[PDB]
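Raw contents of run-v5.pdb, PDB, C-alpha atoms:
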```pdb
ATOM      1  CA  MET A   1     -57.235  26.428-162.431  1.00  0.00           C
ATOM      2  CA  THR A   2     -53.992  27.156-160.570  1.00  0.00           C
ATOM      3  CA  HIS A   3     -51.129  25.360-162.327  1.00  0.00           C
ATOM      4  CA  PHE A   4     -49.605  22.373-160.472  1.00  0.00           C
ATOM      5  CA  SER A   5     -46.141  23.975-160.607  1.00  0.00           C
ATOM      6  CA  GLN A   6     -47.531  26.821-158.442  1.00  0.00           C
ATOM      7  CA  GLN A   7     -49.031  24.789-155.568  1.00  0.00           C
ATOM      8  CA  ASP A   8     -48.724  21.737-153.303  1.00  0.00           C
ATOM      9  CA  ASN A   9     -45.031  22.448-152.622  1.00  0.00           C
ATOM     10  CA  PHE A  10     -43.845  21.697-156.177  1.00  0.00           C
ATOM     11  CA  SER A  11     -40.826  24.038-156.086  1.00  0.00           C
ATOM     12  CA  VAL A  12     -39.967  22.925-152.551  1.00  0.00           C
ATOM     13  CA  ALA A  13     -40.073  19.198-153.387  1.00  0.00           C
ATOM     14  CA  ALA A  14     -38.173  19.614-156.669  1.00  0.00           C
ATOM     15  CA  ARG A  15     -35.291  21.407-154.884  1.00  0.00           C
ATOM     16  CA  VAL A  16     -34.861  18.740-152.195  1.00  0.00           C
ATOM     17  CA  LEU A  17     -34.776  15.956-154.794  1.00  0.00           C
ATOM     18  CA  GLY A  18     -32.645  18.001-157.189  1.00  0.00           C
ATOM     19  CA  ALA A  19     -30.076  18.960-154.543  1.00  0.00           C
ATOM     20  CA  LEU A  20     -29.649  15.462-153.059  1.00  0.00           C
ATOM     21  CA  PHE A  21     -28.985  14.028-156.546  1.00  0.00           C
ATOM     22  CA  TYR A  22     -26.491  16.802-157.449  1.00  0.00           C
ATOM     23  CA  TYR A  23     -24.611  17.712-154.228  1.00  0.00           C
ATOM     24  CA  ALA A  24     -22.573  15.522-151.871  1.00  0.00           C
ATOM     25  CA  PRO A  25     -24.357  14.627-148.580  1.00  0.00           C
ATOM     26  CA  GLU A  26     -21.763  16.425-146.416  1.00  0.00           C
ATOM     27  CA  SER A  27     -22.035  19.641-148.484  1.00  0.00           C
ATOM     28  CA  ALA A  28     -23.567  22.920-147.288  1.00  0.00           C
ATOM     29  CA  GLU A  29     -26.320  22.361-149.864  1.00  0.00           C
ATOM     30  CA  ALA A  30     -27.221  18.739-149.001  1.00  0.00           C
ATOM     31  CA  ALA A  31     -26.351  18.171-145.314  1.00  0.00           C
ATOM     32  CA  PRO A  32     -29.418  20.053-144.029  1.00  0.00           C
ATOM     33  CA  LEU A  33     -31.600  18.003-146.416  1.00  0.00           C
ATOM     34  CA  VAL A  34     -30.002  14.722-145.288  1.00  0.00           C
ATOM     35  CA  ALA A  35     -30.812  15.770-141.707  1.00  0.00           C
ATOM     36  CA  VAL A  36     -34.435  16.588-142.619  1.00  0.00           C
ATOM     37  CA  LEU A  37     -35.177  13.288-144.385  1.00  0.00           C
ATOM     38  CA  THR A  38     -33.402  11.259-141.666  1.00  0.00           C
ATOM     39  CA  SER A  39     -35.627  12.852-138.994  1.00  0.00           C
ATOM     40  CA  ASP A  40     -39.345  12.733-138.204  1.00  0.00           C
ATOM     41  CA  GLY A  41     -41.588  15.493-139.603  1.00  0.00           C
ATOM     42  CA  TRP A  42     -40.723  15.726-143.311  1.00  0.00           C
ATOM     43  CA  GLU A  43     -43.586  13.432-144.383  1.00  0.00           C
ATOM     44  CA  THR A  44     -46.233  15.938-143.196  1.00  0.00           C
ATOM     45  CA  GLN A  45     -45.035  18.630-145.609  1.00  0.00           C
ATOM     46  CA  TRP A  46     -44.106  16.460-148.618  1.00  0.00           C
ATOM     47  CA  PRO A  47     -46.793  16.437-151.348  1.00  0.00           C
ATOM     48  CA  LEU A  48     -47.737  12.746-151.183  1.00  0.00           C
ATOM     49  CA  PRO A  49     -50.143  10.862-148.863  1.00  0.00           C
ATOM     50  CA  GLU A  50     -48.612  10.469-145.371  1.00  0.00           C
ATOM     51  CA  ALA A  51     -49.407   6.746-145.081  1.00  0.00           C
ATOM     52  CA  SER A  52     -47.765   6.037-148.461  1.00  0.00           C
ATOM     53  CA  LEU A  53     -44.540   7.726-147.253  1.00  0.00           C
ATOM     54  CA  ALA A  54     -44.426   5.725-143.981  1.00  0.00           C
ATOM     55  CA  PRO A  55     -42.061   3.032-145.358  1.00  0.00           C
ATOM     56  CA  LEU A  56     -39.708   5.755-146.642  1.00  0.00           C
ATOM     57  CA  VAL A  57     -39.701   7.502-143.239  1.00  0.00           C
ATOM     58  CA  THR A  58     -38.362   4.225-141.800  1.00  0.00           C
ATOM     59  CA  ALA A  59     -36.108   3.528-144.810  1.00  0.00           C
ATOM     60  CA  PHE A  60     -34.313   6.906-144.604  1.00  0.00           C
ATOM     61  CA  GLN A  61     -33.503   6.265-140.912  1.00  0.00           C
ATOM     62  CA  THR A  62     -32.182   2.734-141.520  1.00  0.00           C
ATOM     63  CA  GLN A  63     -28.615   2.603-140.209  1.00  0.00           C
ATOM     64  CA  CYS A  64     -25.871   1.370-142.564  1.00  0.00           C
ATOM     65  CA  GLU A  65     -22.143   0.555-142.383  1.00  0.00           C
ATOM     66  CA  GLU A  66     -21.344   2.418-145.612  1.00  0.00           C
ATOM     67  CA  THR A  67     -21.529   6.175-144.978  1.00  0.00           C
ATOM     68  CA  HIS A  68     -23.623   8.614-147.011  1.00  0.00           C
ATOM     69  CA  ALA A  69     -20.429  10.133-148.476  1.00  0.00           C
ATOM     70  CA  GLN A  70     -19.034   6.768-149.618  1.00  0.00           C
ATOM     71  CA  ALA A  71     -22.372   5.893-151.227  1.00  0.00           C
ATOM     72  CA  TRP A  72     -22.552   9.270-152.991  1.00  0.00           C
ATOM     73  CA  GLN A  73     -18.997   9.013-154.356  1.00  0.00           C
ATOM     74  CA  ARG A  74     -19.645   5.476-155.593  1.00  0.00           C
ATOM     75  CA  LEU A  75     -22.957   6.414-157.250  1.00  0.00           C
ATOM     76  CA  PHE A  76     -22.344   9.898-158.689  1.00  0.00           C
ATOM     77  CA  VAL A  77     -18.623  10.697-158.964  1.00  0.00           C
ATOM     78  CA  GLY A  78     -16.230   7.803-159.586  1.00  0.00           C
ATOM     79  CA  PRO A  79     -13.482   6.957-160.203  1.00  0.00           C
ATOM     80  CA  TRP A  80     -15.103   3.829-161.687  1.00  0.00           C
ATOM     81  CA  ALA A  81     -18.180   3.575-163.888  1.00  0.00           C
ATOM     82  CA  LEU A  82     -21.433   4.772-162.340  1.00  0.00           C
ATOM     83  CA  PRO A  83     -24.204   2.141-162.025  1.00  0.00           C
ATOM     84  CA  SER A  84     -26.916   4.533-163.261  1.00  0.00           C
ATOM     85  CA  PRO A  85     -25.351   7.620-164.935  1.00  0.00           C
ATOM     86  CA  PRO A  86     -27.518  10.669-164.052  1.00  0.00           C
ATOM     87  CA  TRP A  87     -27.231  12.360-167.488  1.00  0.00           C
ATOM     88  CA  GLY A  88     -30.159  12.238-169.912  1.00  0.00           C
ATOM     89  CA  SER A  89     -28.250  11.669-173.156  1.00  0.00           C
ATOM     90  CA  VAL A  90     -26.813   8.455-171.635  1.00  0.00           C
ATOM     91  CA  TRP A  91     -30.372   7.077-171.935  1.00  0.00           C
ATOM     92  CA  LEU A  92     -31.726   8.924-175.013  1.00  0.00           C
ATOM     93  CA  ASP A  93     -28.697   9.008-177.357  1.00  0.00           C
ATOM     94  CA  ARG A  94     -28.111   6.013-179.653  1.00  0.00           C
ATOM     95  CA  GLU A  95     -24.387   6.041-178.840  1.00  0.00           C
ATOM     96  CA  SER A  96     -25.093   6.830-175.158  1.00  0.00           C
ATOM     97  CA  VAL A  97     -22.589   9.722-174.966  1.00  0.00           C
ATOM     98  CA  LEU A  98     -22.591  12.812-172.755  1.00  0.00           C
ATOM     99  CA  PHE A  99     -23.474  16.159-174.367  1.00  0.00           C
ATOM    100  CA  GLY A 100     -25.634  14.164-176.786  1.00  0.00           C
ATOM    101  CA  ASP A 101     -28.317  15.035-179.325  1.00  0.00           C
ATOM    102  CA  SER A 102     -30.907  15.208-176.509  1.00  0.00           C
ATOM    103  CA  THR A 103     -28.605  17.520-174.524  1.00  0.00           C
ATOM    104  CA  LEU A 104     -28.451  19.852-177.554  1.00  0.00           C
ATOM    105  CA  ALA A 105     -32.250  19.803-177.844  1.00  0.00           C
ATOM    106  CA  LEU A 106     -32.446  20.859-174.183  1.00  0.00           C
ATOM    107  CA  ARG A 107     -29.837  23.606-174.761  1.00  0.00           C
ATOM    108  CA  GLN A 108     -31.725  25.015-177.769  1.00  0.00           C
ATOM    109  CA  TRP A 109     -35.012  25.022-175.813  1.00  0.00           C
ATOM    110  CA  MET A 110     -33.360  26.942-172.954  1.00  0.00           C
ATOM    111  CA  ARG A 111     -31.993  29.392-175.526  1.00  0.00           C
ATOM    112  CA  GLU A 112     -35.350  29.988-177.273  1.00  0.00           C
ATOM    113  CA  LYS A 113     -37.099  30.529-173.937  1.00  0.00           C
ATOM    114  CA  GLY A 114     -34.316  32.848-172.731  1.00  0.00           C
ATOM    115  CA  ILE A 115     -33.748  30.721-169.636  1.00  0.00           C
ATOM    116  CA  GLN A 116     -30.654  32.136-167.885  1.00  0.00           C
ATOM    117  CA  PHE A 117     -30.218  29.100-165.602  1.00  0.00           C
ATOM    118  CA  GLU A 118     -26.627  27.914-165.983  1.00  0.00           C
ATOM    119  CA  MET A 119     -24.970  24.705-164.818  1.00  0.00           C
ATOM    120  CA  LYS A 120     -21.414  24.253-163.504  1.00  0.00           C
ATOM    121  CA  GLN A 121     -18.723  24.796-166.146  1.00  0.00           C
ATOM    122  CA  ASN A 122     -17.933  21.687-168.269  1.00  0.00           C
ATOM    123  CA  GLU A 123     -21.124  19.959-167.012  1.00  0.00           C
ATOM    124  CA  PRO A 124     -23.982  18.923-169.330  1.00  0.00           C
ATOM    125  CA  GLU A 125     -27.392  20.577-168.864  1.00  0.00           C
ATOM    126  CA  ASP A 126     -29.194  17.185-168.722  1.00  0.00           C
ATOM    127  CA  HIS A 127     -28.133  16.061-165.223  1.00  0.00           C
ATOM    128  CA  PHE A 128     -31.148  14.643-163.379  1.00  0.00           C
ATOM    129  CA  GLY A 129     -30.660  16.865-160.317  1.00  0.00           C
ATOM    130  CA  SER A 130     -29.844  19.930-162.437  1.00  0.00           C
ATOM    131  CA  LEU A 131     -33.096  19.620-164.385  1.00  0.00           C
ATOM    132  CA  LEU A 132     -35.160  19.334-161.193  1.00  0.00           C
ATOM    133  CA  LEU A 133     -33.349  22.395-159.776  1.00  0.00           C
ATOM    134  CA  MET A 134     -34.075  24.309-162.999  1.00  0.00           C
ATOM    135  CA  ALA A 135     -37.725  23.212-162.879  1.00  0.00           C
ATOM    136  CA  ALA A 136     -38.065  24.526-159.318  1.00  0.00           C
ATOM    137  CA  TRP A 137     -36.303  27.707-160.450  1.00  0.00           C
ATOM    138  CA  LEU A 138     -38.872  28.255-163.230  1.00  0.00           C
ATOM    139  CA  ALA A 139     -41.758  27.477-160.870  1.00  0.00           C
ATOM    140  CA  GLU A 140     -40.515  30.096-158.372  1.00  0.00           C
ATOM    141  CA  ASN A 141     -40.369  32.539-161.305  1.00  0.00           C
ATOM    142  CA  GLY A 142     -44.008  31.842-162.257  1.00  0.00           C
ATOM    143  CA  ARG A 143     -42.968  30.354-165.602  1.00  0.00           C
ATOM    144  CA  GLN A 144     -45.617  27.595-165.710  1.00  0.00           C
ATOM    145  CA  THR A 145     -45.457  26.620-169.372  1.00  0.00           C
ATOM    146  CA  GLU A 146     -41.654  26.424-169.375  1.00  0.00           C
ATOM    147  CA  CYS A 147     -41.702  24.288-166.237  1.00  0.00           C
ATOM    148  CA  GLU A 148     -44.212  21.970-167.915  1.00  0.00           C
ATOM    149  CA  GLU A 149     -42.218  21.723-171.164  1.00  0.00           C
ATOM    150  CA  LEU A 150     -38.986  21.010-169.227  1.00  0.00           C
ATOM    151  CA  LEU A 151     -40.574  18.019-167.488  1.00  0.00           C
ATOM    152  CA  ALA A 152     -42.628  16.669-170.410  1.00  0.00           C
ATOM    153  CA  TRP A 153     -39.975  16.988-173.151  1.00  0.00           C
ATOM    154  CA  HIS A 154     -36.586  16.945-171.403  1.00  0.00           C
ATOM    155  CA  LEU A 155     -36.867  15.017-168.098  1.00  0.00           C
ATOM    156  CA  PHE A 156     -39.775  12.559-167.967  1.00  0.00           C
ATOM    157  CA  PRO A 157     -38.979  10.783-171.251  1.00  0.00           C
ATOM    158  CA  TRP A 158     -35.876   9.235-169.577  1.00  0.00           C
ATOM    159  CA  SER A 159     -36.101   9.818-165.792  1.00  0.00           C
ATOM    160  CA  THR A 160     -38.310   6.823-164.960  1.00  0.00           C
ATOM    161  CA  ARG A 161     -35.750   4.500-166.587  1.00  0.00           C
ATOM    162  CA  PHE A 162     -32.838   6.184-164.799  1.00  0.00           C
ATOM    163  CA  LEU A 163     -34.676   5.847-161.471  1.00  0.00           C
ATOM    164  CA  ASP A 164     -35.585   2.180-162.110  1.00  0.00           C
ATOM    165  CA  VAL A 165     -31.884   1.302-162.554  1.00  0.00           C
ATOM    166  CA  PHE A 166     -30.737   3.731-159.830  1.00  0.00           C
ATOM    167  CA  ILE A 167     -33.116   2.275-157.210  1.00  0.00           C
ATOM    168  CA  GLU A 168     -31.953  -1.221-158.186  1.00  0.00           C
ATOM    169  CA  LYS A 169     -28.260  -0.243-157.979  1.00  0.00           C
ATOM    170  CA  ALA A 170     -28.273   2.199-155.019  1.00  0.00           C
ATOM    171  CA  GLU A 171     -27.354  -0.471-152.455  1.00  0.00           C
ATOM    172  CA  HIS A 172     -27.643   2.043-149.608  1.00  0.00           C
ATOM    173  CA  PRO A 173     -30.854   2.511-147.603  1.00  0.00           C
ATOM    174  CA  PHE A 174     -30.767   6.332-147.776  1.00  0.00           C
ATOM    175  CA  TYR A 175     -30.101   6.605-151.521  1.00  0.00           C
ATOM    176  CA  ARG A 176     -32.410   3.693-152.420  1.00  0.00           C
ATOM    177  CA  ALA A 177     -35.132   5.510-150.425  1.00  0.00           C
ATOM    178  CA  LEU A 178     -34.367   8.811-152.198  1.00  0.00           C
ATOM    179  CA  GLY A 179     -34.783   7.027-155.553  1.00  0.00           C
ATOM    180  CA  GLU A 180     -38.197   5.650-154.555  1.00  0.00           C
ATOM    181  CA  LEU A 181     -39.344   9.060-153.264  1.00  0.00           C
ATOM    182  CA  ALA A 182     -38.237  10.606-156.555  1.00  0.00           C
ATOM    183  CA  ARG A 183     -40.063   7.931-158.571  1.00  0.00           C
ATOM    184  CA  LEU A 184     -43.327   8.368-156.650  1.00  0.00           C
ATOM    185  CA  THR A 185     -43.146  12.190-156.610  1.00  0.00           C
ATOM    186  CA  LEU A 186     -42.249  12.572-160.312  1.00  0.00           C
ATOM    187  CA  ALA A 187     -44.931  10.011-161.299  1.00  0.00           C
ATOM    188  CA  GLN A 188     -47.474  12.140-159.415  1.00  0.00           C
ATOM    189  CA  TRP A 189     -46.241  15.252-161.241  1.00  0.00           C
ATOM    190  CA  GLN A 190     -46.429  13.441-164.588  1.00  0.00           C
ATOM    191  CA  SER A 191     -50.146  12.741-163.959  1.00  0.00           C
ATOM    192  CA  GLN A 192     -50.837  16.458-163.347  1.00  0.00           C
ATOM    193  CA  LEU A 193     -49.331  17.449-166.728  1.00  0.00           C
ATOM    194  CA  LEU A 194     -51.594  19.240-169.231  1.00  0.00           C
ATOM    195  CA  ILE A 195     -49.353  18.254-172.155  1.00  0.00           C
ATOM    196  CA  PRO A 196     -48.213  14.681-172.787  1.00  0.00           C
ATOM    197  CA  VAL A 197     -44.709  13.378-172.077  1.00  0.00           C
ATOM    198  CA  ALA A 198     -42.577  13.092-175.231  1.00  0.00           C
ATOM    199  CA  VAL A 199     -42.224   9.409-176.132  1.00  0.00           C
ATOM    200  CA  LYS A 200     -38.595   8.658-177.013  1.00  0.00           C
ATOM    201  CA  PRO A 201     -36.663   5.411-177.513  1.00  0.00           C
ATOM    202  CA  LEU A 202     -34.259   4.368-174.728  1.00  0.00           C
ATOM    203  CA  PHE A 203     -30.846   2.816-175.482  1.00  0.00           C
ATOM    204  CA  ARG A 204     -29.878   1.820-171.917  1.00  0.00           C
TER     205      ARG A 204
END
```

Rendering of file as structure tokens:
Amino acid sequence: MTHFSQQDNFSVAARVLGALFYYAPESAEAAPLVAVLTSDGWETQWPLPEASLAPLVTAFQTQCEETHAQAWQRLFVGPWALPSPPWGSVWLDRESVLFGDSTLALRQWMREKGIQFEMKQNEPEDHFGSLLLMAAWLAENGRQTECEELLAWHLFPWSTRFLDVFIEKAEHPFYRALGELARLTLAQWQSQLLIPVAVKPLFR
């Protein structure tokens, strides 16, 4: 009876995932989250079965020669091409551009629903981490339907594909592990949906 966005740490889990995909690991936003996931205890509070997180607990604490910051820069910033670009219209748009037709559909939906959540200036709204942060934002605000529509229509149609390629191309134990946690967690959320995920063709 209680909506899944309002229980079992939905907003909490969506923020951790959202922040680690959007902010650099040394940042004020992400560093405390990096510390949490690289330490014992986080598995007890995360909304998945503890035994099924056990490999991730170990994975996150696997030591590596490449630093978290170097991995993050390589994967999310540049200067060279990103292995798995975290913007939705890269996956949903025929021409695979940023600020695509799917980005516009997201923008119009936000407008109609009077959602005042704004991204950084010059940034598209369809960043993977941004959308999770917005979803947590709506959940905190009790906006159940909007949270459900966000995920079903604007995130889940492309996020599984992005995560499949991202996990494959992470090449860093921490960020590979983050990808797998995101895939499991979002797949669990997808199964709790009361409206179906929008089926859209992928071009990447």

Please write the residues picked by the PyMOL selection byres ((chain A and resi 79-95) around 9) on this file as an NGL selection string.
-> :A and (21 or 73-78 or 96-103 or 124-129 or 154-155 or 157-159 or 161-163 or 165-167 or 169-170 or 200-204)

In terms of the shortest atom-to-atom distance over all atoms listed in the file, which of A:107, A:183, A:176, A:3 is closest to residue 68 of chain A?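 Going through A:107, A:183, A:176, A:3 one by one, the smallest distance to residue 68 of chain A is for A:176.
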
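Residues surrounding segment 35-49 of chain A within 8 Å are residues 8, 9, 10, 13, 31, 32, 33, 51, 52, 53, 54, 57, 60, 61 and 185 of chain A [all atoms listed in the file; sequence separation below 2 positions excluded].
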
The residue from A:118, A:26, A:149, A:180 with the smallest atom-to-atom distance to residue 164 of chain A, counting all atoms listed in the file, is A:180

Review point. Applied to this file, what does the PyMOL selection byres ((chain A and resi 136) around 10) return in terms of residues, put as an MDAnalysis selection string?
Key: chainID A and resid 5:6 9:16 18 130:135 137:143 147

Could you write out that same residue set with C-alpha atoms as an mmCIF file, keeping the file's coordinate frame?
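As a result, selection12.cif now contains:
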```cif
data_model
loop_
_atom_site.group_PDB
_atom_site.id
_atom_site.type_symbol
_atom_site.label_atom_id
_atom_site.label_comp_id
_atom_site.auth_asym_id
_atom_site.auth_seq_id
_atom_site.Cartn_x
_atom_site.Cartn_y
_atom_site.Cartn_z
ATOM 1 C CA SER A 5 -46.141 23.975 -160.607
ATOM 2 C CA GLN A 6 -47.531 26.821 -158.442
ATOM 3 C CA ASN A 9 -45.031 22.448 -152.622
ATOM 4 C CA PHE A 10 -43.845 21.697 -156.177
ATOM 5 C CA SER A 11 -40.826 24.038 -156.086
ATOM 6 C CA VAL A 12 -39.967 22.925 -152.551
ATOM 7 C CA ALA A 13 -40.073 19.198 -153.387
ATOM 8 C CA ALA A 14 -38.173 19.614 -156.669
ATOM 9 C CA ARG A 15 -35.291 21.407 -154.884
ATOM 10 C CA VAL A 16 -34.861 18.740 -152.195
ATOM 11 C CA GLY A 18 -32.645 18.001 -157.189
ATOM 12 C CA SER A 130 -29.844 19.930 -162.437
ATOM 13 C CA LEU A 131 -33.096 19.620 -164.385
ATOM 14 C CA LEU A 132 -35.160 19.334 -161.193
ATOM 15 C CA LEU A 133 -33.349 22.395 -159.776
ATOM 16 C CA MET A 134 -34.075 24.309 -162.999
ATOM 17 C CA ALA A 135 -37.725 23.212 -162.879
ATOM 18 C CA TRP A 137 -36.303 27.707 -160.450
ATOM 19 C CA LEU A 138 -38.872 28.255 -163.230
ATOM 20 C CA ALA A 139 -41.758 27.477 -160.870
ATOM 21 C CA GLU A 140 -40.515 30.096 -158.372
ATOM 22 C CA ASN A 141 -40.369 32.539 -161.305
ATOM 23 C CA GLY A 142 -44.008 31.842 -162.257
ATOM 24 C CA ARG A 143 -42.968 30.354 -165.602
ATOM 25 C CA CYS A 147 -41.702 24.288 -166.237
#
```

Students should find that atom CA of residue 146 of chain A and atom CA of residue 120 of chain A are spaced 21.2 Å

Between atom CA of residue 171 of chain A and atom CA of residue 17 of chain A, what distance in Å does the model show, to one decimal?
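Separation between atom CA of residue 171 of chain A and atom CA of residue 17 of chain A: 18.2 Å.
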
Pairwise distance, atom CA of residue 150 of chain A with atom CA of residue 71 of chain A, equals 28.8 Å

Problem set entry | Ground truth for the PyMOL selection byres ((chain A and resi 193) around 12), written as a PyMOL selection string | chain A and resi 3-5+144-145+147-153+156+186-192+194-198

Could you add the missing atoms to segment 10-39 of chain A, up to N, CA and C atoms, and return them as a short mmCIF file (atom, residue, chain, number, x, y, z; two decimals), in the coordinates of the input?
```
data_model
loop_
_atom_site.label_atom_id
_atom_site.label_comp_id
_atom_site.auth_asym_id
_atom_site.auth_seq_id
_atom_site.Cartn_x
_atom_site.Cartn_y
_atom_site.Cartn_z
N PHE A 10 -44.61 22.19 -155.03
CA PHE A 10 -43.84 21.70 -156.18
C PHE A 10 -42.39 22.15 -156.12
N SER A 11 -42.18 23.47 -156.08
CA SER A 11 -40.83 24.04 -156.09
C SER A 11 -39.99 23.54 -154.91
N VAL A 12 -40.63 23.43 -153.75
CA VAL A 12 -39.97 22.92 -152.55
C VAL A 12 -39.50 21.47 -152.73
N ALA A 13 -40.39 20.62 -153.22
CA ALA A 13 -40.07 19.20 -153.39
C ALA A 13 -39.02 18.97 -154.47
N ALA A 14 -39.11 19.73 -155.56
CA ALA A 14 -38.17 19.61 -156.67
C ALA A 14 -36.74 20.02 -156.29
N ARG A 15 -36.61 20.97 -155.37
CA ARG A 15 -35.29 21.41 -154.88
C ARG A 15 -34.62 20.37 -153.99
N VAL A 16 -35.39 19.76 -153.09
CA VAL A 16 -34.86 18.74 -152.20
C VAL A 16 -34.34 17.56 -153.01
N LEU A 17 -35.18 17.05 -153.92
CA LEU A 17 -34.78 15.96 -154.79
C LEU A 17 -33.58 16.36 -155.64
N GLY A 18 -33.70 17.50 -156.31
CA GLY A 18 -32.65 18.00 -157.19
C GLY A 18 -31.30 18.14 -156.50
N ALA A 19 -31.31 18.70 -155.30
CA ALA A 19 -30.08 18.96 -154.54
C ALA A 19 -29.40 17.68 -154.07
N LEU A 20 -30.19 16.73 -153.56
CA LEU A 20 -29.65 15.46 -153.06
C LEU A 20 -29.07 14.57 -154.17
N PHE A 21 -29.56 14.73 -155.40
CA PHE A 21 -28.98 14.03 -156.55
C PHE A 21 -27.75 14.72 -157.13
N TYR A 22 -27.57 16.01 -156.85
CA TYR A 22 -26.49 16.80 -157.45
C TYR A 22 -25.33 17.15 -156.50
N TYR A 23 -25.62 17.31 -155.21
CA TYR A 23 -24.61 17.71 -154.23
C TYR A 23 -24.28 16.57 -153.27
N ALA A 24 -23.03 16.54 -152.82
CA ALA A 24 -22.57 15.52 -151.87
C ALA A 24 -23.25 15.71 -150.51
N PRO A 25 -23.56 14.60 -149.82
CA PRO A 25 -24.36 14.63 -148.58
C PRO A 25 -23.75 15.45 -147.44
N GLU A 26 -22.43 15.60 -147.43
CA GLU A 26 -21.76 16.42 -146.42
C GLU A 26 -21.68 17.91 -146.80
N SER A 27 -22.12 18.26 -148.00
CA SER A 27 -22.04 19.64 -148.48
C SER A 27 -22.95 20.60 -147.71
N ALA A 28 -22.72 21.89 -147.88
CA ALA A 28 -23.57 22.92 -147.29
C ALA A 28 -24.97 22.87 -147.89
N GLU A 29 -25.04 22.48 -149.16
CA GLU A 29 -26.32 22.36 -149.86
C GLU A 29 -27.15 21.16 -149.38
N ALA A 30 -26.50 20.00 -149.22
CA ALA A 30 -27.22 18.74 -149.00
C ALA A 30 -27.35 18.30 -147.54
N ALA A 31 -26.37 18.65 -146.71
CA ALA A 31 -26.35 18.17 -145.31
C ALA A 31 -27.63 18.51 -144.54
N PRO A 32 -28.15 19.74 -144.69
CA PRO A 32 -29.42 20.05 -144.03
C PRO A 32 -30.59 19.22 -144.55
N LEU A 33 -30.53 18.80 -145.81
CA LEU A 33 -31.60 18.00 -146.42
C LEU A 33 -31.50 16.55 -145.97
N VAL A 34 -30.27 16.05 -145.86
CA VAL A 34 -30.00 14.72 -145.29
C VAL A 34 -30.55 14.64 -143.86
N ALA A 35 -30.31 15.69 -143.08
CA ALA A 35 -30.81 15.77 -141.71
C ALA A 35 -32.35 15.76 -141.66
N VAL A 36 -32.97 16.50 -142.57
CA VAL A 36 -34.44 16.59 -142.62
C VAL A 36 -35.08 15.23 -142.92
N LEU A 37 -34.59 14.56 -143.96
CA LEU A 37 -35.18 13.29 -144.38
C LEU A 37 -34.85 12.13 -143.45
N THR A 38 -33.78 12.27 -142.67
CA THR A 38 -33.40 11.26 -141.67
C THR A 38 -33.99 11.56 -140.28
N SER A 39 -34.98 12.46 -140.24
CA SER A 39 -35.63 12.85 -138.99
C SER A 39 -37.13 12.80 -139.21
#
```
